[PDB]
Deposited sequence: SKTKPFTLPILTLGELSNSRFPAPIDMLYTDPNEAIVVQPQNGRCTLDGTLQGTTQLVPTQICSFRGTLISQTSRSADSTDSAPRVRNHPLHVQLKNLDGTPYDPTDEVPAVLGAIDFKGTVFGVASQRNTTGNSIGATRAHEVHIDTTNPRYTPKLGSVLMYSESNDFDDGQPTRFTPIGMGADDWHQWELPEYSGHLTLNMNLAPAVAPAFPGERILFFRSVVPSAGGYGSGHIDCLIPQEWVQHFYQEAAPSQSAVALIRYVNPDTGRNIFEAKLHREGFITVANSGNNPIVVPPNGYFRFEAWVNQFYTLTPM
């Protein structure tokens, strides 16, 4: 079964680490870096890793039951899986699938539709935020702590968190949260990735997301788009080497814009050409060319 990439253009792709469209391709203009995101992790032969799940509108969402305590009002959410199934802390995953995979304050909307009590079916929804550096951000243990200026939430009722953007100018998108709290280390992580040679840089799919105040830039970079995650998962094409050579191509004219290494682990490196941003045709997209090895030398893009 031949390995293939989706033929969606840049403006037709979705971020795999935040529910947003892709705005541009991006490489670090200062240096090469090492990253370890947990959403948007899928090998080329279709193995999901980290906290990666398949629904693009559920990335960084939470689902569960509100638990009352004992101005910013605390809202403890006892989690279930985003697909409604019970959450099992013994699963070999870093946290509930879809959990926020970086340090920062994410603002969004928490909503409820009552299933028990005297008002079954009654609904409410208000802005909330989740600080993933809070010691009660414990999605591996099965709970997160939200905060809201509204106390209009019903105890014991189903509660969904939908993320919107930056709740504060405090994002560190490559710093993993402590999924089990201050005491216990992270486990079952998707591996860290980095260029294997000097002169190479990871190529990111960059989105710019909203912010509820301040001057935060709103950058979220993913290794592959969510549509690629869905594609590899379903195709499960055998990887014939550690490195697939791919080209950003103009499908109308056949012109090759630049070449890149698509690693079996599920991320892209390009040869550093080291200045100001990447210009690609809006009708173009990546196309698989051949299976190569690590000793392939990339032409500066």
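Could you name the stretches of the deposited sequence that have no C-alpha atoms in this structure?
Gaps in the modelled chain, taken against the deposited sequence, lie at 1-3, 74-86.
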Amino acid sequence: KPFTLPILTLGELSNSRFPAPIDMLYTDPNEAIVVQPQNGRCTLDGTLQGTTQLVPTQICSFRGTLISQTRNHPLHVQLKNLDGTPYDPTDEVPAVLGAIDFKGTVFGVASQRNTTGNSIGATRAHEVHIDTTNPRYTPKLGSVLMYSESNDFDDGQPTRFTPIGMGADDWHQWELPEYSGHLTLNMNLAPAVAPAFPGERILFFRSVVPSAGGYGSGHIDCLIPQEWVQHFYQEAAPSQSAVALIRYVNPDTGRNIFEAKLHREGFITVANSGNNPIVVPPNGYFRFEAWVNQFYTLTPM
From here on, numbers count along this sequence of modelled residues.
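With reference to the PDB entry, specify whether the mean Cα temperature factor is higher for 72-80 or for 227-235.
According to the PDB entry, the answer is 72-80.
Given 54-62 and 272-280, the range whose Cα B-factors average higher in the PDB entry
Per the deposited B-factors, the answer is 272-280.
Among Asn39, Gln36, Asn30, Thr47, where is the Cα B factor highest in this entry?
Of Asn39, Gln36, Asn30, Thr47, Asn30 has the highest C-alpha B-factor.
Of the options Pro177, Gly108, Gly121, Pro198, which has the highest CA B factor as deposited?
Top of the list by C-alpha B-factor: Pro198.
Mind checking which third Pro191 falls in for C-alpha B-factor across the chain?
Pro191: CA B-factor falls in the middle third of its chain.
Please rank the C-alpha B-factors of the chain's modelled residues and tell me whether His263 sits in the lowest, middle or highest third.
Middle third, going by the recorded CA B-factors of the chain.
Quick check on the deposited entry: does the C-alpha B-factor of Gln112 sit in the lowest, middle or highest third of its chain?
It belongs to the lowest third of the chain when residues are ordered by C-alpha B-factor.
Relative to the other modelled residues of the same chain, rank the CA B-factor of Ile202 and answer lowest, middle or highest third.
As the PDB entry reports it, the C-alpha B-factor of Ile202 lands in the lowest third of its chain.
Third assignment of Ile257 from its chain's C-alpha B-factors:
For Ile257, the deposited C-alpha B-factor lands in the highest third.
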